[PDB]
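As C-alpha cells, one chain now follows by itself in the form deposited in one PDB entry.
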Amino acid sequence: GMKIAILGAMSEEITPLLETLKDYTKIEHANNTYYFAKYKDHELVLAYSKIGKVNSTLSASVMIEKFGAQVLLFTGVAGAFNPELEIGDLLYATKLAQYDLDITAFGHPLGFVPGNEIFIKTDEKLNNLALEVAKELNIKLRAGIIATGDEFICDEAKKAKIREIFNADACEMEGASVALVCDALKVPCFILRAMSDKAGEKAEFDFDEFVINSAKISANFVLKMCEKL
C-alpha cells in the first residue's frame, strides 16, 4: 500500500487517468492542481506539470516532498529517434540525459555538470514490473535511452546529432529532470513514453494528430502497473 505519484507534462497525458478513476479530490498547490484518488487500494497523487524541465522538476519535488509519494510513474508522449519505433509504440527509459545542459566551454562532456553524471537511471524493479505487465497484456514494449531538453525537436539534423551523442532512442522535455529528482529523493522512478511523432520535418503536425491517442496508450499502461504494486 505505497503512495504512488503519476505525473505527465500536459493535460492530454493525465486526463485519461482521471476519466478512468472517475472519483478524486483536487488540491491547489504550486500554481497547479494535484489530484488524489484511491485505485484498487493504492493512494494515488496525479498531476500534469506543464511543459519542460523546470516545471516537471517542480512537480516531482512537490509530489515527493509535500505529498509524500513513495514511487513515481511518469506517463506521456515522445519524439521517436530509433527508426524501429513507430507512432504509438511504447518505450520505457533505462537511463536519461539532458542534451541541452552545456558547460562544454570548460572541457566537460555535453550533459555533464560537476557533482552529477551524464545519465540518470530509472528503477530496475519498476522496469521489470513493466516487462511482466507487457508480457501479461501482450503489449509491445521497448527499452531505451531518452534524451531530455527544453526544445521541441523537429529537425532531422538536430535529431541525428542528439541520437549520435547520447545513443538516444527518443526525445522529450521532462524525463531526465523527473528521474533526477526521484533519484535524489530516493524514490523509485519509472518513465514511460508513447511515440507521438518522429522528431523530424513536420513533427509538429504528427504531434497534433497523434498526441491524444498516444497519451491514452501510455496512461493505460501505467495504471495497469499500479495493480501489480
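For the two forms, the rigid core is made up of the largest set of C-alpha atoms that agree within 1.5 Å on superposition. Shifts are known only where both forms have a C-alpha. Residue positions are given as counts along the sequence shown, with the first one as 1.
Just so it is clear, the following notes concern the form deposited in another entry, a form of the same protein that is not shown.
With the core held fixed between this form and the one not shown, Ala203 has its Cα displaced by at least 2 Å. Relative to this form, in the other form the C-alpha atoms of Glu201 and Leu90 approach one another by 3 angstroms or more. In contrast to the form presented, in the other form the C-alpha positions of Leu141 and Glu201 draw closer by 3 Å or more. Identified as moving between this form and the one not shown on the superposed core is the stretch 199-220 alone, made of at least three consecutive residues whose Cα atoms shift by 2 Å or more.
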